[PDB]
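Participant: Partial complex here, more coming in a sec:
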Amino acid sequence: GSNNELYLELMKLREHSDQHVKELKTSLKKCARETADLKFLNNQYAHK
């Protein structure tokens, strides 16, 4: 399956890059949530 091997390799490279996007997206969501929690406390602190 020489044609199959080429398909699997291209699929491998395709998914690896997609998983990297998925990883970075999750990390960005997490950081954005941490920013939200800190800014929430920041607003209650400043309003004193």
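Facilitator: Sure, I can see it. Numbering: from 1, shown residues only, chains lettered A, B, ... in the order given.
Participant: only C-alpha atoms for contact and neighbour calcs from this point on.
Facilitator: Noted.
Participant: What segments of chain A are strands?
Facilitator: Remark: no strands are assigned in chain A by DSSP state E.
Participant: So what's the residue count around residue A:48?
Facilitator: When counting by other C-alpha atoms under 10 Å, one arrives at 5 neighbours for residue A:48.
Participant: Next: residue A:26.
Facilitator: The burial count for residue A:26: 12, using other C-alpha under 10 Å.
Participant: That one and residue A:33, how far apart?
Facilitator: 11 Å (C-alpha to C-alpha, to the nearest Å).
Participant: Kindly report the same for residue A:6.
Facilitator: 41 Å.
Participant: How about residue A:1?
Facilitator: 47 Å.
Participant: out of these two, which sits in the more crowded spot?
Facilitator: residue A:33 (12 against 6).
Participant: quick one, what contacts the more buried one?
Facilitator: Neighbour list for residue A:33: empty [criterion: C-alpha atoms under 8 Å, 6 or more residues apart in numbering].
Participant: now the sequence for chain B, which goes on the structure above:
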Amino acid sequence: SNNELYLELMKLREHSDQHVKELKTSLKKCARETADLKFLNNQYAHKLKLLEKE
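Facilitator: Same chains as before, plus chain B:
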């Protein structure tokens, strides 16, 4: 044909890599904002507990 499928997978990979570089930029920017807020909150928390005394 499979060649169209192959070219599709290649195009998907290149778009994802371009998307990766953009995400690394945003993540790096967010990390600084989080660090600034965390540093600012520690000052506010101290200043607030400083006023509670007296």
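Participant: Repeat for the neighbour count of residue A:48, accounting for chain B.
Facilitator: 7 (other C-alpha atoms under 10 Å in any protein chain shown).
Participant: Need the nearest residue in space to it, chain neighbours excluded.
Facilitator: What sits nearest to residue A:48 in space, not counting adjacent residues and going by C-alpha to C-alpha, 6 or more residues apart in numbering or on different chains, is residue B:48, at 7.8 Å.
Participant: The one you found touches residue A:45, doesn't it?
Facilitator: Yes. With contacts counted by C-alpha atoms under 8 Å, residue B:48 reaches residue A:45, the gap being 7.4 Å.
Participant: show me the contacts for the closest residue to chain B within chain A.
Facilitator: For chain A, the residue closest to chain B is residue A:14, as judged by C-alpha to the nearest C-alpha, at 4.6 Å. Contact analysis of residue A:14 by C-alpha atoms under 8 Å, 6 or more residues apart in numbering or on different chains lists B:9, B:10, B:12, B:13.
Participant: Between those residues, which sits nearest chain A?
Facilitator: residue B:13 (4.6 Å).
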